[PDB]
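The chain below stands alone and is given as structure tokens, in the form deposited in one PDB entry.
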């Protein structure tokens, strides 16, 4: 499936297989895409074992080449492939741990990924999972200013963004990661909305419609509407049934409405859920 080819190559040493990525450039108007400008500038500042390495960039007369670290598969495809099998908890725990490491690194280097989804998390035969695609990433500031609205693939978009938050932060990436965590457990997306309003309603039905108590200021947000149906919060054990006490604890902390209360990637790294983490190789052949 999928029309086209990609140049791949193997050398030796530690970083032997690499993939070539190429961009055609508009010479009379626009020039280098700003997405490429953000990904290249930011990615070259993010050398971490859980962040897919940008190894080189070649800017020719009308083309821009990106030499990346090569990885076998992506999480969406892995989950699709394991759709009827079930990913072992030890492998789920290892993936989450590693994703938190990679995310924490991004944040401590003032970069928001802003588009964390299974398709952007690449995996290899050794049990490693890495963050890919920083085309929508942005270098943030302290305090954060107002940035691009309604970012993040719908299914993984935090309610702050949906409610029109004037300012959003690192917490938008933790929400996405919480959705992916829940998804690795069932292989089915947590909140597959069909529109912005549908996405919000799905979140409210699962986590309950937020009030001023749960999320101070929620009812003053730009896109908040008092017409919102008031759903009751459901037993967290019901959100993802297979998850244990520790898993549910972490997930609930990752899906906290209040972005100022939602757990940080570095804080999550110390949660008892990881008390037994290891690095299993995938359960299916890649």
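Only residues modelled in both forms are compared. Residue numbers count along the first chain shown, from 1. Note that the rigid core is defined as the largest set of C-alphas that superpose within 1.5 Å between two forms.
**Prompt:** Counting the other entries of this protein, is residue 27 left out in at least a third of them?
**Reply:** Yes, residue 27 lacks coordinates in at least a third of the other entries compared.
**Asked** Which has higher Cα B-factors on average according to the PDB entry: 23-31 or 66-74?
**Response** Per the PDB entry, the higher value belongs to 23-31.
**Item:** Mean Cα B-factor comparison, 9-17 or 258-266, giving the higher one as deposited
**Value:** Averaged over C-alpha atoms, the B-factors run higher in 9-17.
**Message:** According to the Cα B-factor stored in this entry, which of the following is highest: 94, 120, 148, 108?
**Reply:** Highest CA B-factor of the listed options: 148.
**Prompt:** Can you tell me which of 141, 102, 208, 193 has the highest Cα temperature factor in the record?
**Reply:** Across 141, 102, 208, 193, the entry lists the biggest C-alpha B-factor for 141.
**Request:** Report the third (lowest, middle or highest) to which the CA temperature factor of residue 161 belongs, ranking only the modelled residues of the same chain.
**Result:** Residue 161: CA B-factor falls in the middle third of its chain.
**Asked** When the modelled residues of the chain are sorted by Cα temperature factor, does residue 39 land in the lowest, middle or highest third?
**Response** For residue 39, whose C-alpha B-factor we compare with every modelled residue in the chain, the answer is the lowest third.
**Asked** Which third, lowest, middle or highest, does the CA B-factor of residue 47 fall in along this chain?
**Response** Its C-alpha B-factor belongs to the highest third of this chain's values.
**Request:** State the tercile, meaning the lowest, middle or highest third, of residue 115 with respect to the CA B-factors recorded for its chain.
**Result:** Ranked within chain, residue 115 CA B lands in the middle tercile.
**Request:** Check where residue 169 lands among this chain's C-alpha B-factors and tell me if it's the lowest, middle or highest third.
**Result:** Middle third of the chain for residue 169's C-alpha B-factor.
Not pictured, yet referred to below: the form deposited in another entry.
**Request:** State which of the options 100, 163, 184, 152 undergoes a Cα shift of 2 Å or more between this form and the one not shown, taking the core as fixed.
**Result:** It is 152; the other listed residues stay below 2 Å.
**Message:** Could you check, with the core superposed, whether the Cα atom of residue 29 shifts 2 Å or more between this form and the one not shown?
**Reply:** Moves: yes, 2 Å or greater.
**Message:** residue 272: after superposing the rigid core, is there a C-alpha shift of 2 Å or more between this form and the one not shown?
**Reply:** Residue 272 C-alpha, core-superposed: shift of less than 2 Å.
**Asked** Comparing between this form and the one not shown on the rigid core, is the C-alpha shift at residue 213 2 Å or larger?
**Response** No, the C-alpha position differs by under 2 Å between this form and the one not shown.
**Prompt:** Compared with this form, is the residue 114-residue 146 Cα separation smaller or larger in the other form, the difference being 3 Å or more?
**Reply:** Distance between the C-alphas of residue 114 and residue 146: shorter in the other form, by 3 Å or more.
**Message:** Comparing against this form, do residue 146 and residue 156 have their CA atoms pulled together or pushed apart in the other form? The difference is 3 Å or more.
**Reply:** Residue 146 and residue 156 sit closer together in the other form.
**Message:** Give me the residue ranges between this form and the one not shown where at least 3 consecutive Cα atoms each move 2 Å or more, fitting on the core only.
**Reply:** Runs found: 1-17, 26-29, 141-152, listed by sequence.
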